[PDB]
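Peer 1: Take a look at this one; I'll ask things after.
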Protein chains: 2
Amino acid sequence: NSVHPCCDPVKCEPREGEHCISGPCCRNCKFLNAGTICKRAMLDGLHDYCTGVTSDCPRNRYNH
Amino acid sequence: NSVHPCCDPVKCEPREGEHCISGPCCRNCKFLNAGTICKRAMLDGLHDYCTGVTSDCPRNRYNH
């Protein structure tokens, strides 16, 4: 709903101390550990993993 | 590529003993453990988990 728990509305940044606002790899304002699977692949075993430094879910680079 | 390691081409079923062919929740011909996250959500903490009984990745029922 309304303001985000993670948002600093005077700066439009995450409140000081937290890492992010929302995302497959953002949970409770902080980054999930790098390596955490954020999506499984149809099938080759090339899954999309979290990076530890960003909120989004990266397409595994070993894909065309 | 070619025939699937998991496929029984005379029956067009998975070779006897295995569970599935391919899918986010299928790995080495077998079902991933129920509860295994197959996809993380933008943000509510309502992730899509594996079922243990199917190869696909289920939309979490707590979504509209």
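Identifiers in this document derive from the order of the structure tokens: chains are assigned A, B, ..., residues are numbered from 1 separately in each chain, and ligands are numbered from 1 in order of occurrence.
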When the cut-off is 8 Å and we count only C-alpha atoms, which residues of chain A are near chain B, given as a ChimeraX atom specification?

Peer 2: /A:22-27,37-43,45

Peer 1: Tell me, as a JSON list (two decimals) with N, CA, C and O atoms, in the first residue's frame, which residues lie within 6 Å of residue B:34, counting only C-alpha atoms; anything in the same chain fewer than 4 positions away does not count.

Peer 2:
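Output (part14.json):
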```json
[["chain", "number", "residue", "atom", "x", "y", "z"],
["B", 50, "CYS", "N", 8.00, -24.90, -5.20],
["B", 50, "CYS", "CA", 7.77, -26.14, -5.87],
["B", 50, "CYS", "C", 6.77, -26.98, -5.05],
["B", 50, "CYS", "O", 6.55, -26.77, -3.90],
["B", 51, "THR", "N", 6.08, -27.93, -5.66],
["B", 51, "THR", "CA", 5.07, -28.72, -4.94],
["B", 51, "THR", "C", 5.52, -30.07, -4.46],
["B", 51, "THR", "O", 4.92, -30.65, -3.56],
["B", 52, "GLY", "N", 6.53, -30.62, -5.12],
["B", 52, "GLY", "CA", 7.02, -31.91, -4.79],
["B", 52, "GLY", "C", 6.30, -32.94, -5.65],
["B", 52, "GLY", "O", 6.76, -34.01, -5.89]]
```

Peer 1: Can you provide chain A as a short mmCIF file (atom, residue, chain, number, x, y, z; two decimals) with C-alpha atoms, in the first residue's frame, superposed onto chain B by least squares across all C-alpha atoms matched in order?

Peer 2:
```cif
data_model
loop_
_atom_site.label_atom_id
_atom_site.label_comp_id
_atom_site.auth_asym_id
_atom_site.auth_seq_id
_atom_site.Cartn_x
_atom_site.Cartn_y
_atom_site.Cartn_z
CA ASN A 1 19.64 -31.30 -27.83
CA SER A 2 18.34 -34.82 -29.02
CA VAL A 3 16.47 -37.46 -27.05
CA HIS A 4 16.06 -36.61 -23.49
CA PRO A 5 18.01 -38.50 -20.88
CA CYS A 6 14.84 -38.67 -18.92
CA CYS A 7 12.53 -39.80 -21.75
CA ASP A 8 11.39 -43.32 -22.52
CA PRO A 9 10.85 -43.07 -26.25
CA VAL A 10 8.96 -46.33 -26.56
CA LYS A 11 6.41 -45.07 -24.00
CA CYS A 12 6.89 -41.33 -24.29
CA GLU A 13 7.09 -41.33 -20.49
CA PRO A 14 10.03 -40.71 -18.12
CA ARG A 15 12.28 -43.75 -17.77
CA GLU A 16 11.00 -46.04 -15.10
CA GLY A 17 12.21 -44.83 -11.75
CA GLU A 18 12.51 -41.16 -12.63
CA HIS A 19 9.71 -38.61 -11.99
CA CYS A 20 9.78 -36.05 -14.73
CA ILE A 21 11.38 -34.78 -17.98
CA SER A 22 12.06 -30.97 -17.50
CA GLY A 23 10.76 -27.98 -15.59
CA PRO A 24 11.74 -25.38 -12.99
CA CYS A 25 11.01 -28.00 -10.41
CA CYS A 26 12.44 -30.96 -12.26
CA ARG A 27 16.13 -31.70 -11.94
CA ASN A 28 17.91 -34.85 -13.14
CA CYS A 29 14.66 -36.44 -13.97
CA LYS A 30 13.31 -36.07 -10.43
CA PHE A 31 11.02 -33.69 -8.54
CA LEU A 32 12.64 -30.99 -6.39
CA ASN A 33 11.58 -31.05 -2.77
CA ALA A 34 8.23 -29.39 -2.05
CA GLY A 35 8.87 -25.97 -0.66
CA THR A 36 11.84 -25.28 -2.91
CA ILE A 37 11.47 -21.74 -4.24
CA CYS A 38 11.18 -21.73 -7.97
CA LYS A 39 10.71 -17.96 -8.36
CA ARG A 40 10.96 -14.90 -6.09
CA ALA A 41 8.36 -12.19 -6.04
CA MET A 42 8.78 -8.52 -6.92
CA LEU A 43 7.82 -7.95 -3.27
CA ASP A 44 5.31 -9.14 -0.67
CA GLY A 45 7.14 -12.25 0.26
CA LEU A 46 4.62 -14.32 -1.63
CA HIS A 47 7.05 -16.53 -3.57
CA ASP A 48 6.24 -19.33 -5.95
CA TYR A 49 7.39 -22.67 -4.41
CA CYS A 50 7.77 -26.14 -5.87
CA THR A 51 5.07 -28.72 -4.94
CA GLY A 52 7.02 -31.91 -4.79
CA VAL A 53 4.48 -33.57 -7.01
CA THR A 54 4.79 -31.62 -10.30
CA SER A 55 7.45 -30.33 -12.66
CA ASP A 56 6.08 -26.84 -13.08
CA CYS A 57 6.31 -23.60 -10.94
CA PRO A 58 2.96 -22.82 -9.32
CA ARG A 59 1.58 -19.35 -8.94
CA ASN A 60 1.27 -18.94 -5.17
CA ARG A 61 -2.46 -19.24 -4.38
CA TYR A 62 -2.38 -16.22 -2.05
CA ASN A 63 -2.18 -13.95 -5.24
CA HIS A 64 -5.46 -12.53 -6.83
#
```

Peer 1: Using backbone DSSP assignments, extract all strand (DSSP E) residues from stretch 4-64 of chain B; output them as JSON, numbers by chain.

Peer 2: {"B": [7, 8, 13, 14, 26, 27, 30, 31, 37, 38, 39, 48, 49]}

Peer 1: Could you take the residues named above and write them with C-alpha atoms, as an mmCIF file, in the first residue's frame?

Peer 2:
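Final file, again-v3.cif:
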```
data_model
loop_
_atom_site.group_PDB
_atom_site.id
_atom_site.type_symbol
_atom_site.label_atom_id
_atom_site.label_comp_id
_atom_site.auth_asym_id
_atom_site.auth_seq_id
_atom_site.Cartn_x
_atom_site.Cartn_y
_atom_site.Cartn_z
ATOM 1 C CA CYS B 7 12.528 -39.797 -21.749
ATOM 2 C CA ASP B 8 11.394 -43.325 -22.520
ATOM 3 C CA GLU B 13 7.088 -41.335 -20.494
ATOM 4 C CA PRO B 14 10.028 -40.710 -18.124
ATOM 5 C CA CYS B 26 12.435 -30.962 -12.258
ATOM 6 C CA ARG B 27 16.132 -31.703 -11.944
ATOM 7 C CA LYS B 30 13.314 -36.068 -10.434
ATOM 8 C CA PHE B 31 11.020 -33.686 -8.538
ATOM 9 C CA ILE B 37 11.466 -21.740 -4.237
ATOM 10 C CA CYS B 38 11.176 -21.734 -7.973
ATOM 11 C CA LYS B 39 10.713 -17.958 -8.361
ATOM 12 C CA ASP B 48 6.238 -19.327 -5.948
ATOM 13 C CA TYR B 49 7.386 -22.672 -4.407
#
```
